[PDB]
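For reference, entry-v3.cif (mmCIF, C-alpha atoms):
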```
data_query
loop_
_atom_site.label_atom_id
_atom_site.label_comp_id
_atom_site.auth_asym_id
_atom_site.auth_seq_id
_atom_site.Cartn_x
_atom_site.Cartn_y
_atom_site.Cartn_z
CA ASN P 1 2.98 5.64 77.21
CA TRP P 2 3.35 9.43 77.14
CA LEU P 3 0.60 9.79 79.77
CA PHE P 4 2.93 8.56 82.52
CA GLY P 5 5.30 11.48 82.00
CA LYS P 6 2.34 13.86 82.03
CA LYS P 7 1.16 12.40 85.35
CA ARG P 8 4.65 12.78 86.82
CA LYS P 9 4.79 16.38 85.58
CA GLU P 10 1.40 17.16 87.13
CA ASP P 11 2.42 15.72 90.50
CA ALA P 12 5.72 17.62 90.43
CA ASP P 13 3.96 20.88 89.52
CA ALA P 14 1.43 20.42 92.34
CA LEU P 15 4.25 19.79 94.81
CA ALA P 16 6.10 22.86 93.51
CA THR P 17 3.01 25.04 93.99
CA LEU P 18 2.41 23.74 97.51
CA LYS P 19 6.06 24.21 98.49
CA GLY P 20 6.16 27.72 97.06
CA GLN P 21 3.07 28.68 99.04
CA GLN P 22 4.64 27.17 102.16
CA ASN P 23 7.72 29.28 101.43
CA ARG P 24 5.61 32.44 101.42
CA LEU P 25 3.98 31.39 104.69
CA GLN P 26 7.35 30.68 106.33
CA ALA P 27 8.63 34.07 105.16
CA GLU P 28 5.60 35.79 106.70
CA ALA P 29 6.09 33.84 109.94
CA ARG P 30 9.73 34.92 110.02
CA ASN P 31 8.71 38.56 109.55
CA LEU P 32 6.15 38.25 112.35
CA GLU P 33 8.75 36.74 114.69
CA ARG P 34 11.17 39.56 113.83
CA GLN P 35 8.49 42.13 114.66
CA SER P 36 7.58 40.35 117.91
CA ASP P 37 11.20 40.29 119.10
CA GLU P 38 11.63 43.96 118.16
CA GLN P 39 8.43 44.75 120.06
CA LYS P 40 9.49 42.86 123.19
CA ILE P 41 12.84 44.65 123.26
CA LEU P 42 11.13 48.01 122.63
CA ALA P 43 8.66 47.39 125.47
CA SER P 44 11.48 46.53 127.87
CA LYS P 45 13.38 49.65 126.77
CA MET P 46 10.48 52.04 127.29
CA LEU P 47 9.62 50.43 130.63
CA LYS P 48 13.23 51.28 131.45
CA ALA P 49 12.26 54.79 130.30
CA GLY P 50 9.18 54.83 132.56
CA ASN P 51 5.84 54.31 130.81
CA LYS P 52 3.22 51.59 131.42
CA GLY V 1 -26.23 38.94 84.35
CA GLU V 2 -28.86 36.27 83.80
CA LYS V 3 -26.54 34.57 81.29
CA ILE V 4 -23.51 34.78 83.59
CA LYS V 5 -25.51 33.31 86.47
CA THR V 6 -26.74 30.44 84.29
CA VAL V 7 -23.35 29.47 82.80
CA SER V 8 -21.12 30.47 85.69
CA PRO V 9 -17.30 30.32 85.45
CA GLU V 10 -17.23 27.48 87.99
CA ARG V 11 -19.48 25.49 85.64
CA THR V 12 -17.03 26.05 82.79
CA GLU V 13 -14.15 24.97 85.03
CA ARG V 14 -16.02 21.76 85.86
CA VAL V 15 -16.76 21.06 82.19
CA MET V 16 -13.17 21.64 81.10
CA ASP V 17 -11.84 19.48 83.95
CA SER V 18 -14.18 16.67 82.90
CA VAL V 19 -13.05 17.01 79.28
CA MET V 20 -9.39 16.80 80.34
CA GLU V 21 -9.93 13.77 82.58
CA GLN V 22 -11.92 11.92 79.93
CA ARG V 23 -9.32 12.70 77.27
CA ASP V 24 -6.65 11.22 79.54
CA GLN V 25 -8.74 8.09 80.10
CA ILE V 26 -9.41 7.60 76.38
CA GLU V 27 -5.69 7.98 75.66
CA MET V 28 -4.75 5.44 78.34
CA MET V 29 -7.41 2.96 77.19
CA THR V 30 -6.49 3.26 73.51
CA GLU V 31 -2.75 2.92 74.20
CA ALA V 32 -3.31 -0.10 76.45
CA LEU V 33 -4.93 -1.87 73.48
CA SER V 34 -2.02 -0.98 71.15
CA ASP V 35 0.87 -2.45 73.14
CA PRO V 36 3.25 -4.01 70.55
CA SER V 37 4.21 -6.75 73.03
CA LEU V 38 1.34 -8.92 71.74
CA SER V 39 1.95 -9.09 67.99
CA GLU V 40 5.63 -9.22 68.88
CA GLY V 41 4.89 -11.77 71.60
CA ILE V 42 7.94 -14.00 71.61
CA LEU V 43 11.07 -11.83 71.43
CA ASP V 44 14.56 -12.91 70.43
CA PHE V 45 16.49 -14.48 73.28
CA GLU V 46 19.62 -13.47 71.35
CA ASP V 47 18.24 -9.89 71.47
CA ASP V 48 18.04 -8.99 67.77
CA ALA V 49 21.32 -10.70 66.82
CA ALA V 50 19.65 -13.03 64.32
CA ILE V 51 17.62 -10.18 62.84
CA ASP V 52 20.77 -8.05 62.79
CA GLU V 53 22.55 -10.69 60.71
CA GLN V 54 19.46 -11.11 58.52
CA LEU V 55 19.45 -7.38 57.78
CA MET D 1 -40.08 17.98 67.96
CA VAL D 2 -39.17 19.21 71.44
CA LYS D 3 -40.19 22.76 72.31
CA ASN D 4 -37.57 24.64 74.32
CA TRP D 5 -39.93 27.01 76.12
CA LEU D 6 -37.37 28.66 78.40
CA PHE D 7 -34.87 28.92 75.55
CA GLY D 8 -37.36 30.74 73.33
CA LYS D 9 -38.44 33.01 76.18
CA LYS D 10 -34.87 34.06 76.94
CA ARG D 11 -34.26 34.43 73.20
CA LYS D 12 -37.10 36.96 72.97
CA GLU D 13 -35.75 38.83 76.01
CA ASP D 14 -32.22 39.03 74.57
CA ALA D 15 -33.58 40.13 71.19
CA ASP D 16 -35.51 42.95 72.86
CA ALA D 17 -32.43 44.05 74.81
CA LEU D 18 -30.37 44.08 71.61
CA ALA D 19 -33.07 46.09 69.84
CA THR D 20 -33.05 48.66 72.66
CA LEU D 21 -29.25 48.98 72.58
CA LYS D 22 -29.20 49.26 68.78
CA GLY D 23 -31.87 51.96 68.83
CA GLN D 24 -30.03 54.04 71.40
CA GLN D 25 -26.81 53.60 69.42
CA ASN D 26 -28.53 54.80 66.24
CA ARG D 27 -29.82 57.85 68.11
CA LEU D 28 -26.29 58.60 69.31
CA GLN D 29 -24.89 58.27 65.77
CA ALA D 30 -27.50 60.73 64.48
CA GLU D 31 -26.60 63.15 67.28
CA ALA D 32 -22.91 62.77 66.39
CA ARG D 33 -23.62 63.59 62.75
CA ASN D 34 -25.57 66.70 63.78
CA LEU D 35 -22.75 67.83 66.08
CA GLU D 36 -20.25 67.39 63.24
CA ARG D 37 -22.45 69.53 61.00
CA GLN D 38 -22.63 72.24 63.67
CA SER D 39 -18.85 72.16 64.07
CA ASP D 40 -18.40 72.63 60.32
CA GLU D 41 -20.80 75.60 60.34
CA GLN D 42 -18.87 77.13 63.24
CA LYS D 43 -15.60 76.75 61.32
CA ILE D 44 -17.14 78.46 58.29
CA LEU D 45 -18.31 81.26 60.58
CA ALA D 46 -14.82 81.55 62.10
CA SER D 47 -13.36 81.88 58.60
CA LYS D 48 -15.83 84.66 57.78
CA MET D 49 -15.02 86.47 61.04
CA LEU D 50 -11.34 86.25 60.10
CA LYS D 51 -11.90 87.63 56.59
CA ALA D 52 -14.25 90.42 57.69
CA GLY D 53 -11.65 91.83 60.11
CA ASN D 54 -13.09 90.60 63.44
CA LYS D 55 -10.55 88.51 65.33
CA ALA D 56 -12.60 88.49 68.55
CA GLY D 57 -15.52 86.95 66.67
CA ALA D 58 -13.18 84.39 65.13
CA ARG D 59 -11.99 83.41 68.61
CA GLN D 60 -15.63 83.20 69.74
CA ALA D 61 -16.54 80.91 66.84
CA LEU D 62 -13.49 78.72 67.42
CA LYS D 63 -14.33 78.34 71.12
CA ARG D 64 -17.89 77.35 70.20
CA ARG D 65 -16.51 74.87 67.67
CA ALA D 66 -14.23 73.43 70.36
CA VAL D 67 -17.24 72.85 72.59
CA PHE D 68 -19.07 71.13 69.71
CA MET D 69 -16.13 68.82 68.96
CA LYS D 70 -15.83 67.90 72.64
CA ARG D 71 -19.52 66.96 72.62
CA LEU D 72 -18.92 64.97 69.43
CA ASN D 73 -16.09 63.04 71.09
CA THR D 74 -18.24 62.24 74.13
CA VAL D 75 -21.12 61.04 71.93
CA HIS D 76 -18.83 58.84 69.84
CA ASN D 77 -17.31 57.24 72.94
CA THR D 78 -20.78 56.55 74.35
CA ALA D 79 -21.79 54.83 71.11
CA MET D 80 -18.63 52.72 71.25
CA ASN D 81 -19.48 51.68 74.81
CA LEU D 82 -22.95 50.61 73.68
CA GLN D 83 -21.33 48.56 70.90
CA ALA D 84 -19.13 46.92 73.53
CA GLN D 85 -22.22 45.97 75.54
CA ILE D 86 -23.87 44.48 72.45
CA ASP D 87 -20.74 42.44 71.75
CA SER D 88 -20.75 41.26 75.37
CA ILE D 89 -24.33 40.00 75.00
CA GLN D 90 -23.49 38.09 71.81
CA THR D 91 -20.30 36.65 73.31
CA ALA D 92 -22.20 35.42 76.36
CA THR D 93 -24.77 33.73 74.11
CA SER D 94 -22.06 31.99 72.08
CA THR D 95 -20.20 30.90 75.22
CA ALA D 96 -23.39 29.43 76.70
CA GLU D 97 -23.98 27.37 73.56
CA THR D 98 -20.35 26.21 73.57
CA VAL D 99 -20.55 25.10 77.20
CA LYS D 100 -23.79 23.23 76.47
CA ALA D 101 -22.20 21.37 73.54
CA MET D 102 -19.14 20.49 75.63
CA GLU D 103 -21.34 19.19 78.46
CA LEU D 104 -23.30 17.00 76.03
CA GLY D 105 -20.12 15.52 74.59
CA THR D 106 -18.74 14.98 78.09
CA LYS D 107 -21.91 13.11 79.08
CA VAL D 108 -21.66 10.79 76.07
CA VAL D 109 -17.95 10.09 76.53
CA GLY D 110 -18.50 9.51 80.24
CA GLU D 111 -21.11 6.87 79.53
CA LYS D 112 -18.68 5.18 77.12
CA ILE D 113 -15.77 5.33 79.57
CA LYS D 114 -17.92 3.84 82.33
CA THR D 115 -19.06 1.01 80.05
CA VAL D 116 -15.61 0.03 78.72
CA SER D 117 -13.51 0.98 81.74
CA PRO D 118 -9.70 0.81 81.69
CA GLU D 119 -9.77 -2.06 84.19
CA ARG D 120 -11.91 -4.00 81.71
CA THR D 121 -9.32 -3.43 78.99
CA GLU D 122 -6.56 -4.56 81.36
CA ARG D 123 -8.49 -7.77 82.06
CA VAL D 124 -9.05 -8.41 78.35
CA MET D 125 -5.41 -7.85 77.44
CA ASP D 126 -4.24 -10.05 80.32
CA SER D 127 -6.54 -12.83 79.13
CA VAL D 128 -5.23 -12.46 75.57
CA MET D 129 -1.63 -12.71 76.81
CA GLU D 130 -2.31 -15.76 78.99
CA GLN D 131 -4.17 -17.57 76.22
CA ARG D 132 -1.43 -16.77 73.70
CA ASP D 133 1.11 -18.30 76.08
CA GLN D 134 -1.03 -21.42 76.50
CA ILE D 135 -1.52 -21.86 72.74
CA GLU D 136 2.24 -21.50 72.22
CA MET D 137 3.03 -24.08 74.91
CA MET D 138 0.41 -26.52 73.60
CA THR D 139 1.52 -26.19 69.97
CA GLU D 140 5.21 -26.56 70.84
CA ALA D 141 4.52 -29.61 73.02
CA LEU D 142 3.04 -31.33 69.96
CA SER D 143 6.06 -30.43 67.78
CA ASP D 144 8.84 -31.95 69.90
CA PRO D 145 11.34 -33.50 67.42
CA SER D 146 12.16 -36.28 69.91
CA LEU D 147 9.34 -38.41 68.45
CA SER D 148 10.14 -38.53 64.73
CA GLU D 149 13.77 -38.71 65.80
CA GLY D 150 12.87 -41.28 68.45
CA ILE D 151 15.90 -43.54 68.59
CA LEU D 152 19.05 -41.39 68.59
CA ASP D 153 22.58 -42.48 67.75
CA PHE D 154 24.35 -44.10 70.68
CA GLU D 155 27.58 -43.09 68.93
CA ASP D 156 26.22 -39.50 69.01
CA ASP D 157 26.21 -38.55 65.32
CA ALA D 158 29.53 -40.28 64.51
CA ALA D 159 27.97 -42.57 61.91
CA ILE D 160 26.03 -39.69 60.36
CA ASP D 161 29.20 -37.58 60.50
CA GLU D 162 31.06 -40.20 58.48
CA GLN D 163 28.08 -40.58 56.13
CA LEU D 164 28.14 -36.84 55.43
CA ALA D 165 31.91 -37.02 54.92
CA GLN D 166 31.51 -39.90 52.45
CA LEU D 167 28.73 -38.15 50.52
CA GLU D 168 30.87 -35.00 50.38
CA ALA D 169 33.76 -37.09 49.05
CA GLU D 170 31.33 -38.58 46.52
#
```

Would you put the structure from the file into structure tokens?
Amino acid sequence: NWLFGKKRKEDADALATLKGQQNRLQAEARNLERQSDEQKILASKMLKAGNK
Amino acid sequence: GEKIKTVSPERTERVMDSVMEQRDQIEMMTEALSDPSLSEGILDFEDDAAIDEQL
Amino acid sequence: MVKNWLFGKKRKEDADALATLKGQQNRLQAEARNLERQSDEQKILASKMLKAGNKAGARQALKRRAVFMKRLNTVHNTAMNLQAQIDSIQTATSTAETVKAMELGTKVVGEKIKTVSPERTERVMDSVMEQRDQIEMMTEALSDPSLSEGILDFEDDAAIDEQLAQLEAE
């Protein structure tokens, strides 16, 4: 009876937790990619400016 | 420290998880046995119309 | 009559630890009382230095009193910390007993749930439903009105219709 709704709620909560954690990981990956692109452009710029 | 090592928090988590699971299983077993579809059994084909008029 | 050897051993150890903590707490309370007495004496002395016409001595006595009250505060806080440790010991003991009781109950209910599983209850209820259906079909087969009726009107109730009409007119 009422246990079926509880099971559905538990599955939905577990999926919500997993998706939220995946959202944090995707945000961190986006930040890392931003930093890597910035770093590549900076390296090209300072090689233009003459340092190895 | 000796007490905390004996009854660790992981042990309490296991005990409470077992209590929750067993409570769920007792509820499901005791609601399976109480399904009104048996004592009802045969239901109105007219879908309560005769009992409506009786009331 | 089961002896719990380890339980009694640990009980003696915890009782000795509680006795040690209570004794040190009592010592700290006595020291706090003595420091309060000394502070009161210093305040009386400060009052006498004020009356006699010696403000420097009054300031001296009040500084000494301030040191005594700071020591009193430190002693009182230490005694409160010892009380907190005693409460932690008693809370850990109670929590251990609660977890043991819960584990015992869980063991019993687990044995019951394994014996009468939910699949077993599903099988029993399915058998009850099937047998109820078969009893209903058997007991309605035997009650078909076509027998006691048997021969039905070829005119299809016309004669009985007119008989009912004639009895109504009667």

Atom pair CA of residue 15 (chain V) / CA of residue 99 (chain D): separation (Å):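 One can read the CA of residue 15 (chain V) to CA of residue 99 (chain D) distance as 7.5 Å.
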
Within 9 Å of chain V, which residues of chain D come that close, and what is the closest atom pair and distance in Å for each? Count all atoms listed in the file and give it as a Markdown table.
```
| residue | atom | partner | partner_atom | distance |
| --- | --- | --- | --- | --- |
| D:89 | CA | V:3 | CA | 8.6 |
| D:92 | CA | V:3 | CA | 6.6 |
| D:93 | CA | V:3 | CA | 7.4 |
| D:95 | CA | V:7 | CA | 8.3 |
| D:96 | CA | V:7 | CA | 6.1 |
| D:99 | CA | V:12 | CA | 6.7 |
| D:100 | CA | V:7 | CA | 8.9 |
| D:102 | CA | V:15 | CA | 7.0 |
| D:103 | CA | V:15 | CA | 6.2 |
| D:105 | CA | V:19 | CA | 8.6 |
| D:106 | CA | V:19 | CA | 6.2 |
| D:109 | CA | V:22 | CA | 7.2 |
| D:110 | CA | V:22 | CA | 7.0 |
| D:113 | CA | V:26 | CA | 7.5 |
| D:116 | CA | V:29 | CA | 8.8 |
| D:117 | CA | V:29 | CA | 7.9 |
| D:118 | CA | V:29 | CA | 5.5 |
| D:119 | CA | V:29 | CA | 8.9 |
| D:121 | CA | V:29 | CA | 6.9 |
| D:122 | CA | V:32 | CA | 7.4 |
| D:125 | CA | V:33 | CA | 7.2 |
| D:128 | CA | V:38 | CA | 8.4 |
| D:129 | CA | V:38 | CA | 7.0 |
| D:132 | CA | V:41 | CA | 8.3 |
| D:133 | CA | V:41 | CA | 8.8 |
```

Take the selection from the previous step and output its residues with C-alpha atoms, as a PDB file, in the coordinates of the input.
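The result, stored in out.pdb:
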```
ATOM      1  CA  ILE D  89     -24.330  40.000  75.000  1.00  0.00           C
ATOM      2  CA  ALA D  92     -22.200  35.420  76.360  1.00  0.00           C
ATOM      3  CA  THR D  93     -24.770  33.730  74.110  1.00  0.00           C
ATOM      4  CA  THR D  95     -20.200  30.900  75.220  1.00  0.00           C
ATOM      5  CA  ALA D  96     -23.390  29.430  76.700  1.00  0.00           C
ATOM      6  CA  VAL D  99     -20.550  25.100  77.200  1.00  0.00           C
ATOM      7  CA  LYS D 100     -23.790  23.230  76.470  1.00  0.00           C
ATOM      8  CA  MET D 102     -19.140  20.490  75.630  1.00  0.00           C
ATOM      9  CA  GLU D 103     -21.340  19.190  78.460  1.00  0.00           C
ATOM     10  CA  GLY D 105     -20.120  15.520  74.590  1.00  0.00           C
ATOM     11  CA  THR D 106     -18.740  14.980  78.090  1.00  0.00           C
ATOM     12  CA  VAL D 109     -17.950  10.090  76.530  1.00  0.00           C
ATOM     13  CA  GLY D 110     -18.500   9.510  80.240  1.00  0.00           C
ATOM     14  CA  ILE D 113     -15.770   5.330  79.570  1.00  0.00           C
ATOM     15  CA  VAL D 116     -15.610   0.030  78.720  1.00  0.00           C
ATOM     16  CA  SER D 117     -13.510   0.980  81.740  1.00  0.00           C
ATOM     17  CA  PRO D 118      -9.700   0.810  81.690  1.00  0.00           C
ATOM     18  CA  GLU D 119      -9.770  -2.060  84.190  1.00  0.00           C
ATOM     19  CA  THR D 121      -9.320  -3.430  78.990  1.00  0.00           C
ATOM     20  CA  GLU D 122      -6.560  -4.560  81.360  1.00  0.00           C
ATOM     21  CA  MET D 125      -5.410  -7.850  77.440  1.00  0.00           C
ATOM     22  CA  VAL D 128      -5.230 -12.460  75.570  1.00  0.00           C
ATOM     23  CA  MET D 129      -1.630 -12.710  76.810  1.00  0.00           C
ATOM     24  CA  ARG D 132      -1.430 -16.770  73.700  1.00  0.00           C
ATOM     25  CA  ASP D 133       1.110 -18.300  76.080  1.00  0.00           C
TER      26      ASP D 133
END
```

Residues in the PyMOL selection byres ((chain V) within 8 of (chain P)), expressed as JSON, numbers by chain: {"V": [24, 27, 28, 31]}

Those selected residues, please, written with C-alpha atoms and delivered as a short mmCIF file (atom, residue, chain, number, x, y, z; two decimals), keeping the file's coordinate frame.
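This is the output file again-v3.cif:
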```cif
data_model
loop_
_atom_site.label_atom_id
_atom_site.label_comp_id
_atom_site.auth_asym_id
_atom_site.auth_seq_id
_atom_site.Cartn_x
_atom_site.Cartn_y
_atom_site.Cartn_z
CA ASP V 24 -6.65 11.22 79.54
CA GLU V 27 -5.69 7.98 75.66
CA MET V 28 -4.75 5.44 78.34
CA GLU V 31 -2.75 2.92 74.20
#
```

Distance in Å - CA of residue 14 (chain D) versus CA of residue 28 (chain D): 21.1 Å

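The space separating CA of residue 137 (chain D) from CA of residue 52 (chain V) comes to 26.8 Å.
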
Protein and nucleic acid residues near (-15.5, 84.4, 58.9) (cut-off 12 Å, only C-alpha atoms) as a PyMOL selection string: chain D and resi 41-62

Selection under test: the PyMOL selection byres ((chain D and resi 67-73) around 7); residues as number ranges by chain: D: 32, 35-36, 39, 63-66, 74-77

Would you compute an axis-aligned box for region 8-22 of chain P, covering every atom listed for it in the file with 6 Å of margin on each side, and report centre and edge lengths in Å to one decimal as AutoDock Vina command-line options?
```
--center_x 3.8 --center_y 20.7 --center_z 93.9 --size_x 16.8 --size_y 27.9 --size_z 28.6
```
